[PDB]
Amino acid sequence: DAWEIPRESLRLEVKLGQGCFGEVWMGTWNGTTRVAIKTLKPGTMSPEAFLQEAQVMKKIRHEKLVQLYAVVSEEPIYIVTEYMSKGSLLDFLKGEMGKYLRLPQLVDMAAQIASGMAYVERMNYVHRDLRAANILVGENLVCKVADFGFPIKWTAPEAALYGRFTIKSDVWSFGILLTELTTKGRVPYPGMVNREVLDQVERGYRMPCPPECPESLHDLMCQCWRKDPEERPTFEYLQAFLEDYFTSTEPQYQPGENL
Ligand SMILES: Cc1nc(Nc2ncc(C(=O)Nc3c(C)cccc3Cl)s2)cc(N2CCN(CCO)CC2)n1
């Protein structure tokens, strides 16, 4: 394979996170390139399974999707990608940077996500787990979709009920992701547990306009949360709308205490 690299060229420097199937490190590839490394714990998940994510990441290439660099496909396995220096968008949003972000910065982060998701849309792919926790941040507020291989509060009804997952339910999640960006990281449907979210959402309920969030962005949310998956906007739409936001939609926008 072209993506193969010598085990020697990889250095795992800082441990970044853990899971049941492996770990994620910051490190150095060929002694020069800062990379992110993800490992599989031999025996926990099947190699074939843990490699299905890298196989996918091979046919994908977009500036708003985390990029594969190399793999070591013989146990123990390592997948290598570019390194995002700020971690998940969810830790960023509720961390020290939280308090300085306003609408322009947040609507721009959203746009990029929609740009990456528009690419995913174009390729007829589905993500299935779009949400802030699965967006990585970089230098200068660069946001890239991550993880290409239950989150009920993020999942569209038809997908959680009848397993009908699509780019249109991905759009639903994006709608839920917009509340995360506007509440600076707060769990959707506050004080509601999974079971009553299903009931309520199936009964027509939708989260209201977050504090200081312009109505125009709440409407955009509500469009992504239409009951009929086909009514829901495309990503190519969502992308254009958010890039043009402060000219075409909210030109009279004044800074507030939080947004
Ligand atoms: C969990 C985490 N990841 C970071 N960067 C990453 N880049 C890419 C990642 C990744 O997993 N790639 C990947 C791979 C390798 C395989 C398949 C699929 C994918 Cl997408 S993880 C940075 C970070 N930091 C901790 C907190 N710090 C506080 C600063 O104030 C900043 C730095 N923590």
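About the criteria used
- Residues numbered from 1 in each chain as written, not as in the entry; some residues may be left out.
- Heavy atoms only, no water.
- Residues with missing side-chain atoms left out of burial classes, pairs and counts.
- Helix = DSSP H or I, 4+ residues; strand = E, 2+ residues; numbered from the N terminus.
- Rg over C-alpha atoms; globule rule 2.2 N^0.38 Å.
- UniProt positions renumbered as here; feature names shortened; annotations may be inferred.
- Buried < 20%, exposed > 50% of the residue type's maximum accessible area, 1.4 Å probe, protein only.
- Contact = heavy atoms within 4.5 Å.
- Disulfide = S-S within 2.5 Å.
- Axes fitted to C-alpha atoms, helices over the stretch in contact; angles between N-to-C directions.
- Parallel < 35°, antiparallel > 145°, perpendicular 65-115°, else oblique.
- Left-handed = near helix turned anticlockwise from the far one by under 90°.
- Nonpolar A, V, L, I, M, F, W, Y, C, P; charged D, E, K, R; others polar.
- Polar contact = N/O pair within 3.5 Å; in protein donor to acceptor, adjacent residues only side chain to side chain.
- Domains from an automatic or database assignment.
- Salt bridge = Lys/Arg side-chain N within 4 Å of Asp/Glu carboxyl O.
- Near = heavy atom within 4 Å.
- Areas by Shrake-Rupley, 256 points an atom, 1.4 Å probe, with all protein chains shown as cover.

Considering the overall build of the protein
Summing up its helical and strand segments, the protein has nine helices and eight strands in all. Taking 18 Å as the expected radius of gyration for a compact globule of 259 residues, we find that the protein reaches 19 Å, a close match to that expectation. When its C-alpha atoms are laid out on the principal axes, the protein stretches across 55 × 40 × 35 Å.

Digging into the UniProt feature "active site" in the protein
What UniProt calls "active site" maps, in this numbering, to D129. Along the chain, the position of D129 falls in the loop between α3 (103–122) and β7 (135–137). Using a relative accessible area of 22% as the deciding quantity, one classes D129 as partly exposed. Among all residues touching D129, those that are not within four sequence positions of it are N134, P151 and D170.

Observations concerning the state of the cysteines
Within the structure shown, the criterion is met by zero disulfides. Among the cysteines around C222, which has no disulfide bond, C209 carries the closest sulfur, lying 8.9 Å off. Among the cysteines around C224, which has no disulfide bond, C222 carries the closest sulfur, lying 9.1 Å off. Among the residues examined, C224 registers a relative accessible area of 0% and is labelled buried.

Comments concerning unusual backbone geometry
Following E75, the chain continues into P76 via a peptide bond in cis, with omega recorded as -5°. Looking at the secondary structure, you find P76 in the loop between β4 (68–72) and β5 (78–82). A positive phi angle is found at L141, which is not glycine, with a value near 55°. The residue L141 is located in the loop between β7 and β8 (143–145) in this model. Backbone geometry places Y189, a non-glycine residue, at a positive phi of 60°. Structurally, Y189 is set in the loop between α5 (167–182) and α6 (194–202).

Brief notes about the packing of α3 against helix α8 (residues 235–243)
Where α3 contacts α8, the two axes come as close as 8 Å, and the packing angle between them is 155°. Taken together, the axis directions place α3 and α8 in an arrangement best described as roughly antiparallel. Considering only the axes of α3 and α8, their crossing is left-handed. Contact residues: α3 offers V107, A110, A111, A114, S115, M117, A118 and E121, while α8 offers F235, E236, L238, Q239, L242 and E243. Of the residues belonging to the contact of α3 with α8, the class tally is nine nonpolar, two polar and three charged.

Section: the UniProt feature "binding site: ATP" in the protein
Those residues carrying the UniProt feature "binding site: ATP" are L16, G17, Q18, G19, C20, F21, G22, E23, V24 and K38 in this numbering. The largest pairwise C-alpha distance within this set of annotated residues, which runs over 23 residues, is 14.4 Å, so the set is compact in three dimensions. Looking at the element boundaries, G22 is found in strand β2 (residues 22–29). Since its relative accessible area comes to 15%, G22 is described here as buried. In this structure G22 touches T39, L40 and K41, once residues within four positions along its chain are discounted. Looking at the secondary structure, you find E23 in strand β2. Other than its neighbours up to four places away in sequence, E23 contacts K15, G17, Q18, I37, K38 and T39. Reaching out from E23, the side chain makes a polar contact with the side chain of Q18 at a distance of 2.8 Å.

Here we look at the domain arrangement of the protein
According to the domain assignment, the protein consists of domain 1 (1–83) and domain 2 (84–252). The C-alpha-based centres of domain 1 and domain 2 are spaced at 27 Å. On the domain 2 side, the residues contacting the 13 residues of domain 1 number 19 residues. On the surface where domain 1 and domain 2 come into contact, there are one salt bridge.

Observations regarding the site of the ligand
Inspection of the region around the ligand gives 18 residues, with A36, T81, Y83, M84 and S85 positioned closest. Taking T81, its side chain carries an N or O atom lying 3.0 Å from a nitrogen atom of the ligand. Within the backbone of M84, one N or O atom sits 2.7 Å away from a nitrogen atom of the ligand. Out of a free accessible area of 720 Å², the ligand has 72% covered by protein chains. Looking at the shell around the ligand element by element, the count peaks at three residues for β5. The class makeup of the residues in the shell around the ligand is ten nonpolar, three polar and five charged. There are two domains that each give the shell around the ligand at least three residues, and those are domain 1 (1–83) and domain 2 (84–252).

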